[PDB]
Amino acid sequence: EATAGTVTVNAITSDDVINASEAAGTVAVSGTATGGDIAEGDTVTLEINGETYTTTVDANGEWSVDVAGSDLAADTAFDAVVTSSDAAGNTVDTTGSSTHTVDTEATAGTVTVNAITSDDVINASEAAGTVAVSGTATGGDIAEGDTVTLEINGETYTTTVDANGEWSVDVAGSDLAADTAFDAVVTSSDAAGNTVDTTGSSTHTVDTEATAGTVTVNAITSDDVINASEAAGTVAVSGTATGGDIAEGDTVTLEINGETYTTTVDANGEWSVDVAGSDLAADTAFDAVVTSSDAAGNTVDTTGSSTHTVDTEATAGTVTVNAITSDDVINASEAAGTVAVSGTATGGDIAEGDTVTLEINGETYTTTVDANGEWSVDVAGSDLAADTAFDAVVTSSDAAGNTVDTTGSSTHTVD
């Protein structure tokens, strides 16, 4: 008889595992054959998934044969048999045996993209800066450290899946302002070298500006004029604010004589704020600015503007009293009758029709300034007989409503 040797089979591929790519092509199965009657040229036979493969032992005790990966994927064990002869021509089979494993599939998982910024809207501030785009990746062969790729506005951003299945990557807001749809692809692999991609989709919106409205300012006081009395107290400056993104509670800011005043737009599109007359007396124009924001948090100022007029003084004139009777003496027949006491009132804001008031002997006489700047009033002679000194006071006002008194004095004698 002939004598068997030793046959061995090397790993099936470098890791002894058949993956997808290997299973799809051809695999060199190799090994050794020596000892006994094994000689160069002895045929090596392998049956693998029912297919008979054959090669011959080379000159160094080695053999190799190309096997279809599909047969190795289907059959995880096989003998390799070398057939030999001794010189006498007895025959003998030497067997070596092989095992391997098969894994021809990686498993995708699940990938998601979170809202793009807290509100899934890119605003103006966000477009101008850096936004962190985040999400999840979990399931199947997705593991910590797998690559995440996002293409956004033609820019390729990458990160890696963290230990918790989340991922984040800093992205330019510009890019997000310009491209409102994209995918995150996560690429995973298994021990065997199989690879798989898992995709998640994201959309968002862009809104970079908030819309101004219309702001108006009412008259400054009833007549749009600041008088002295008004300048000395407080004035309610009011108006309206509506349209665009203006809403109740939006701040209204007015600067007037360098003082900053603020209130808030009420529920009816109206506003009001107490301003010191003195600032209004000092500064005859101002803007009222309402600061608003849209849903996305863009902000906008709406301006309305005010003018007004200022007049805080009346001007006193000149008042005189004529001689009391032609000779400036009250006689007995004058005392017994009525005397016309007369004079002038002119200058400043004194005007035709201004009130003239005389108190003589406790009795109050009044008349008005005529067209010529003179005045006269009939007075009891007895009163002039009883009181030899008195004032005439003329009360005048201006258009703004300031008022002034002008006084002239008189004395006379009695006989």
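Position 1 is the first residue in the sequence shown; the rest follow in order.
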item	value
Average Cα temperature factor in the PDB entry - higher stretch of 58 to 66, 344 to 352	58 to 66
Residue range whose averaged C-alpha B-factor is higher in the record, 188 to 196 or 203 to 211	203 to 211
Maximum C-alpha temperature factor, selected from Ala288, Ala77, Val111, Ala172	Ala172
Highest-ranked of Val237, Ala241, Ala128, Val81 once sorted by CA temperature factor in the record	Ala128
Chain third (lowest, middle, highest) by recorded CA B-factor, residue given as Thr159	middle
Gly373 - which third its CA temperature factor falls in, relative to the rest of the chain	lowest
Third of the chain, ranked by Cα B-factor, where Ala87 sits	highest
Ranked C-alpha temperature factor of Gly139 among modelled chain residues, by third	lowest
Chain thirds of CA B-factor: placement of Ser410	middle
